[PDB]
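Okay, so here's the structure we're looking at.
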Amino acid sequence: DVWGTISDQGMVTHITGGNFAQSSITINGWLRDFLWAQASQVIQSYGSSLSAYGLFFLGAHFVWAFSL
Amino acid sequence: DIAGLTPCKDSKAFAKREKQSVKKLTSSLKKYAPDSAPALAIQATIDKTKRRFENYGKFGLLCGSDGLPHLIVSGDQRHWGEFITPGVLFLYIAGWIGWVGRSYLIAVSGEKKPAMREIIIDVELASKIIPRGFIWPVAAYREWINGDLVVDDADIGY
Amino acid sequence: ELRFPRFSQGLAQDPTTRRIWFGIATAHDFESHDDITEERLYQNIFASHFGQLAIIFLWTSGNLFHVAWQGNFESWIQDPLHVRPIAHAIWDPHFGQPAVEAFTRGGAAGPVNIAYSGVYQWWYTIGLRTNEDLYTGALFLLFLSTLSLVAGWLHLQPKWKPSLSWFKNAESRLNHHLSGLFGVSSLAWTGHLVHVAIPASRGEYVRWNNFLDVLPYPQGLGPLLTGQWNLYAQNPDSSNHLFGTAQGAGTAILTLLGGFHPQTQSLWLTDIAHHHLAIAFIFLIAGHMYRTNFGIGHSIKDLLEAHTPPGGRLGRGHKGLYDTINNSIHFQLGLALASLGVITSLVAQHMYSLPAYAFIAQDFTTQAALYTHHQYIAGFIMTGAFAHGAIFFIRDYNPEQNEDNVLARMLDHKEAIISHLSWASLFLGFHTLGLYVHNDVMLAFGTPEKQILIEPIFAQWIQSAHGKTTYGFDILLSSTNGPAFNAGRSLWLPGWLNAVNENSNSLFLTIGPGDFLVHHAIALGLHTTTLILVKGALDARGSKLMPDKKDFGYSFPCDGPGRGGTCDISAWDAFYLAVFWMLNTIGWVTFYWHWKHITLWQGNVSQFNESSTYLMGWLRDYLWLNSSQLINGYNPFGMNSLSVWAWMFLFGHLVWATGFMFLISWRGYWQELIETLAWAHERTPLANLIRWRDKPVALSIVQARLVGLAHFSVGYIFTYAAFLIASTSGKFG
Amino acid sequence: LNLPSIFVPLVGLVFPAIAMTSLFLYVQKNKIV
Amino acid sequence: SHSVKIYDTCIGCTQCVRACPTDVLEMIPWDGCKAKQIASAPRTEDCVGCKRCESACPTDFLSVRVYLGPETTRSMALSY
Amino acid sequence: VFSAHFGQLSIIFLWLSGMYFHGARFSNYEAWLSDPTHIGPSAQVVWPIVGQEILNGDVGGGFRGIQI
Ligand code: CLA
Ligand code: CLA
Ligand code: CLA
Ligand code: CLA
Ligand SMILES: CC1=C(/C=C/C(C)=C/C=C/C(C)=C/C=C/C=C(C)/C=C/C=C(C)/C=C/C2=C(C)CCCC2(C)C)C(C)(C)CCC1
Ligand code: SF4
Ligand code: SF4
């Protein structure tokens, strides 16, 4: 609802395009439109300057499961 | 060749991967001044990449259909450099470390409070025992022969 | 006998809610009941086994009746590749109209469920053709289920109760069960195949009203009696045969072809008939080994007493094991459960590579479901085997009568056994996790050519020995001029070799470095689970920390905070810890199976071959990629037929997590809280006119461990089942 | 007649009521003999 | 009610009696040790099963042992 | 307690000195001063061994490093 870009004519385009109002009212909405959709950047980061974040993503899942 | 594999010096996929990596590096190189530090770093990376591919090609490795090197560990004498010789080196070093540790523990156990010498190392004593790992395979073998390596089952207890 | 439970005075005098819970949990532990004797134990067990048979027959009859009443078996028979079979109709008053529209499928006139158990293919392969046949089968099974209850009631009356010495006649029982239950049943099923199912696979309909007149073979039993048996094989089915019809049909009944039927992609029926005939012969011979009443037969005790190595390295050998086994029912249950678990895994492995039911190989979702289902059942059985084996050491083992035999020496070198198992687990874990992490780092820095990729040379060599030509090895059955190739060249080698070298089926799939890595991970799982269970069993009677453990029984909370603290010290707790590792290992197995097959069925093997060598590949290309349809079963724009599965998916994640609550927080926190609520209720007007009669208390320590593990397991299973079924059926149906 | 419309309520609502009632009255008995 | 037992390795140190929170145990005369006394458990209907007595005992292995049994109002420590 | 609190203050000052020195020596702050909206801030750079130099990403202003 806030962050995004604006054109010369003044048309605001949001990063996720105003999907919070309709999709955040079910658990399936949080699972599909928030975690699954937005995890793409972190899981596609290998081979670029952001690959350290993918490595830490996996390592932190490992430590969490280790605590059990 | 072995298991349907192809030598990496004759693989088209291997050369394709090399060319793709070099092109990806050159695209970044074309963003900076020729004499700037980032350009020199990228050029050094490119030279290192070419050297790596050439050495992999001429060291006799085998490449699969994906175009990546694969290792052979069944005992074939054309690939001992892949597993057997480094394995001998690993065993030699590990035996040295274990042997010097055991000898320190045995030499220190005769004191009044041996535990005090386990949280505070006697460096003077350890510096006489460290060089003796150089011949651990002989010492361990002779100790095994004379029955000094192992404790009898009847004597084991707290 | 005062109140519920009537079988335990100690529980019946308990004034708290703990009376009820525990009353349910100890109902089937007959050995612990008040004033129980040895004979009544066996008799009650016999009655209970009859009950289990009755329930099983009812379950099967219900399946048949519902399929006949509400299914489309007749329609499916005529177009088996494009029609979806129907399990049962849906009548839910909570449904909305869009769901009513979405769940109407398969040509039905109302909402239905699609069946994935595979009963349509099974029942079509054995010769059933109409709904009347299904109705008659359901009624017959209803009769058998009643027979079981009547027999159970009869053998529980004073005139008809077997004595204790009857239940301990080992030789006679072994003879009857080997000869009659295995061999004769196989003979009867072979007869069914010859008289009913094989003719049905050629257009001939044989039923109970005309089976006497029709001959299974034109020349009858003449060749069997005279010995010209080869006449039963000489005219097999053609390679252009259509399964339900007479086009290309043959006349043979017993063959040795091998390979598959080109249309149905399953095993030839004549091969199955000859197989069951030979197996029946082998069991009929096996069932004559032991002595009952006729002066011939071996003696089991005398067999055990004789096999003793003369060097003394095995002590006194197998002396005394006959009574040790025959006087302990837990020992027997452990042996049986171990054997059944092994063969459950063998069934799962052999049914995916060598299908036996017509048109089931093309039904991808059904095959996935069957493999996963039977592997999870096998895992649970394997854990139970070690559980009852540990129970043996506490309850029934007698040291004096086992002096210096193999069973005692096992207890004698437990430190060596456990330490070497620990070493194996450490080695596998360190080096396998290290290789995966090295490959992940190489991928991250953009240098995939620096990975460590070990070719699975030994497995490829064995595949070559079995006939595969992919890897260029020339050995045994993969060579042209050898004794092994020559000996079978004319019997079964052509069809077998044609099947193995076809790369569309799942017979000896091509393997690479990813397969190497995942197999060493599976080995890690097996070794660690075995370590946990074995340590539980061998330390059951005591250790240095608790030298008198056997006095306290199989399951008890702890021994208090003294001597450093003693949480989770009983054998029951070792079982509890091992179940987690079992679930982990079976998860790895089923993940690997599913991903390899899903890339096979899409024609994209290189995806698996390249992504499987590092763990981010597993996370991204298997889990994340294959969820997209599943999580859109319902959304802000509408719903489709996957909605139930989507719902189930979330249901699973919930139950799993709820289990964590019982596993992490322990009892003393909850009891203090409960006291306050009791105070509050006793003080509230208009509500203190109502009184409880069982005083509420927090759950016990062992009970909490059990409840937490149960929520964990249920959530595990439901989540994976939803993902597997939705992902496969969304792509293929 | 539509048999599901009659039998689904009986198995899902009435039979559980009777069974739970009987079990509650059984576990509360002061003495069984 | 729980069961509590005393074995003849007792040295009569009296620590278990001092540790008990509901007065289950007591000391009685004996002639088998240098302290001329031994422990006893005459009031086990008031035992809660805490095992402080086992924590206090110095011999190896223990000389006082507690076996948990059927639960009562007194043994579950219910004030309601 | 008094002495230990003095020690904590010493450690915090070390942390701030490190931050300012790394900003002065290994950053693109001066370039960022002239184009804040298009340049990504960066004040950490890595040595070139075992291929980790890929983490020196293209942040702009003739500088390669890790974005902060
Ligand atoms: C020939 C005589 C005979 C026969 C037929 C039986 C039969 C039976 N006895 Mg036995 N029994 C006998 C004599 C016999 N008994 C005698 C003489 C004694 C006294 C010494 C006993 C004492 C005795 C006791 C004390 C008990 C039994 C029990 C049983 C039952 C075991 C459970 C069962 O159904 O397993 C069925 C097993 C099979 C069909 C064989 C195993 C097949 C395996 C799993 C492989 C399957 C492969 C196949 C291709 C798979 C197809 C799958 C399908 C979906 C397509 C069974 C009905 C038990 C019972 O439950 O009683 C009610 C029991 O407790 N018997
Ligand atoms: C042929 C199979 C067989 C047989 C005849 C027995 C028989 C026996 N077992 Mg053994 N056991 C088996 C298989 C078998 N076991 C298997 C496969 C396992 C491994 C899981 C075990 C593990 C095991 C343990 C650990 C113990 C026994 C014990 C017992 C005794 C009965 C205890 C009782 O009354 O529980 C009463 C039953 C319950 C309280 C029900 C428990 C149900 C669990 C928690 C899961 C239920 C979840 C539910 C389905 C959720 C549905 C949700 C829905 C939304 C889908 C008895 C001697 C006990 C014993 O002898 O102790 C000395 C004991 O402690 N067994
Ligand atoms: C970069 C490469 C690398 C790395 C980081 C490691 C790292 C490790 N290796 Mg490994 N290993 C490697 C390559 C590597 N290995 C290779 C190439 C081989 C093939 C030869 C092996 C074979 C190997 C074995 C066989 C074992 C390890 C073990 C270990 C672990 C303990 C080492 C230790 O404590 O030594 C310090 C030394 C000691 C504590 C003394 C005892 C152990 C060493 C190995 C001496 C053994 C002497 C004995 C006579 C040799 C023959 C043993 C026989 C079973 C084959 C450690 C995590 C050990 C392990 O996982 O244990 C559970 C282990 O047993 N490695
Ligand atoms: C992801 C979770 C996880 C992991 C990694 C482990 C790991 C292990 N478990 Mg555990 N376990 C878990 C979950 C896990 N468990 C759960 C949920 C349960 C159910 C309660 C159990 C129950 C359980 C039991 C009952 C047993 C084990 C055992 C084991 C060991 C098996 C052998 C092995 O692989 O050794 C290799 C070791 C490892 C893979 C551990 C990690 C090693 C790291 C990567 C080395 C490098 C460290 C790094 C340099 C340190 C930096 C940090 C810091 C200094 C800055 C191992 C230590 C068995 C055991 O002890 O066998 C001997 C055993 O008996 N586990
Ligand atoms: C603790 C205990 C217990 C338990 C136990 C158990 C649980 C066990 C298990 C075990 C197991 C689980 C085992 C397994 C095994 C297996 C084996 C041993 C196998 C083998 C195989 C073979 C040998 C094969 C071969 C071949 C091939 C491969 C190919 C073709 C040909 C032939 C066939 C030759 C009991 C009860 C006793 C009691 C006491 C205690
Ligand atoms: S368990 Fe607790 S209450 Fe019982 S005798 Fe020991 S110290 Fe006393
Ligand atoms: S603490 Fe142990 S040794 Fe001391 S009096 Fe009590 S039982 Fe005896």
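For ligands, and for the atoms within them, numbers begin at 1 and follow the listed sequence. Residue numbering restarts at 1 for every chain, and letters A, B, ... go by the order of the sequence lines.
- Although no hydrogens or angles enter the test, the distance criterion places a donor-acceptor pair under 3.5 Å between the side chain of C:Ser478 and the main chain of C:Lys468.
- Judged purely by distance below 3.5 Å, without hydrogens or angles, the side chains of C:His330 and C:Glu31 pair a donor atom with an acceptor atom.
- For C:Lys549 and C:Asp559, the salt-bridge test fails: no basic side-chain N is under 4.0 Å from an acidic carboxylate O.
- When the heavy-atom distances from atom 21 (C) of ligand 4 to C:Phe580, C:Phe427, C:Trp581 are ranked, the shortest goes to C:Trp581.
- Summary of contacts: the protein heavy atom closest to atom 5 (C) of ligand 5 is C:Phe386 CE2, 4.4 Å.
- There is no protein heavy atom less than 4.0 angstrom from atom 55 (C) of ligand 4.
- With a 6.0 Å radius and a threshold of 12 heavy atoms from other residues, nucleotides or ligands, E:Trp30 has its CH2 atom above the threshold.
- Between C:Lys319 and C:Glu403, no side-chain nitrogen of the basic residue sits less than 4.0 Å from a carboxylate oxygen of the acidic one, so the salt-bridge criterion is not met.
- Looking only at protein heavy atoms, the nearest one to atom 14 (C) of ligand 5 is C:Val342 CG2, 5.0 Å.
- Within a 4.0 Å radius of atom 2 (C) of ligand 4, the protein has at least one heavy atom.
- The six-membered or imidazole ring of C:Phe575 lies away from that of C:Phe386, with a centre-to-centre distance of 6.0 Å or more.
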Output, in order, the C-alpha distance, side-chain angles, deciding distance and verdict of salt bridge (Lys or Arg N to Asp or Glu O under 4.0 Å) for C:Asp548 and E:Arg65.
-> CA-CA 11 Å; C:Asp548 60 334; E:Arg65 211 70 169 111; 3.0 Å; yes
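- Inclusion of C:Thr528 in the set of residues having an N or O under 3.5 Å from an N or O of ligand 4 is not warranted.
- No close placement of the C:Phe331 and C:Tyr397 rings is indicated, their centers lying 6.0 Å or farther apart.
- Side-chain contact between C:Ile417 and C:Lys414 is absent, with no heavy-atom pair separated by less than 4.5 Å.
- Protein heavy atoms come within 4.0 Å of atom 5 (C) of ligand 4.
- There is a protein heavy atom closer than 4.0 angstrom to atom 65 (N) of ligand 4.
- Side chain of C:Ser700 to backbone of C:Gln703: a donor-acceptor contact under 3.5 angstrom is found.
- At a heavy-atom cutoff of 4.0 Å, ligand 4 is contacted by the side chain of C:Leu531 but not by its backbone.
- Side-chain N or O atoms of C:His318 include none that pairs as donor or acceptor with a backbone N or O of C:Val406 at under 3.5 Å.
- Here is the list of ligand 4 atoms found below 4.0 Å of a heavy atom in C:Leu426: 35 (O).
- Within the listing of ligand 4, atoms 5 (C) sit less than 4.0 angstrom from a heavy atom of A:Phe62.
- Atom 3 (C) of ligand 5 has as its closest protein heavy atom C:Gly389 CA, 4.1 Å.
- Remark: C:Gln401 CD is loosely packed, at most 12 non-hydrogen atoms of other residues, nucleotides or ligands lying under 6.0 Å away.
- Close contacts between ligand 4 and C:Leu577 involve ligand atoms 20 (C) [criterion: under 4.0 Å to a heavy atom].
- In this model, no donor atom of one side chain and acceptor atom of the other lie less than 3.5 Å apart for C:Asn398 and C:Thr324.
- For atom 7 (C) of ligand 5, the nearest protein heavy atom lies closer than 4.0 Å.
- Put simply, atom 49 (C) of ligand 4 has no protein non-hydrogen atoms near it, under 4.0 Å away.
- Around atom 2 (Fe) of ligand 6, protein N, O or S atoms at less than 2.8 Å number 1.
- Taking a distance limit of 4.0 Å, we find that atom 25 (C) of ligand 4 is approached by some protein heavy atom.
- Checking atom 33 (C) of ligand 4 against the protein gives a heavy-atom contact under 4.0 Å.
- Using a 4.5 Å cut-off on side-chain heavy atoms (C-beta onward), E:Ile38 and E:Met27 make no contact.
- Ion pair C:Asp573/C:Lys535 not flagged as a salt bridge, since none of the NZ, NE, NH1 or NH2 atoms sits closer than 4.0 Å to an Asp/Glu carboxylate oxygen.
- In summary, the atoms of ligand 4 found under 4.0 Å from a heavy atom of C:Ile532, numbered by their order in the structure, are 24 (C), 25 (C).
- In this structure, atom 52 (C) of ligand 4 is not in close contact with the protein, since no protein heavy atom lies within 4.0 Å of it.
- Within ligand 4, the atoms closer than 4.0 Å to a non-hydrogen atom of C:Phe430 are 36 (C), 37 (C), numbered from 1 in the order shown.
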Evaluate the salt bridge (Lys or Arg N to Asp or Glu O under 4.0 Å) criterion for residues C:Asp568 and C:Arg705: first the C-alpha distance (whole Å), next the side-chain angles of each, then the deciding distance (0.1 Å), finally the verdict.
-> CA-CA 10 Å; C:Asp568 279 332; C:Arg705 290 171 193 158; 3.3 Å; yes
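- Atoms of ligand 4 lying under 4.0 Å from at least one heavy atom of C:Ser422, given by number and element, are 62 (C).
- Atoms of ligand 4 lying under 4.0 Å from any heavy atom of C:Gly429, numbered from 1 in the order shown and given with element: 34 (O).
- Every atom of ligand 4 is numbered from 1 in the order shown, and the set under 4.0 Å from a heavy atom of A:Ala65 is 1 (C), 2 (C).
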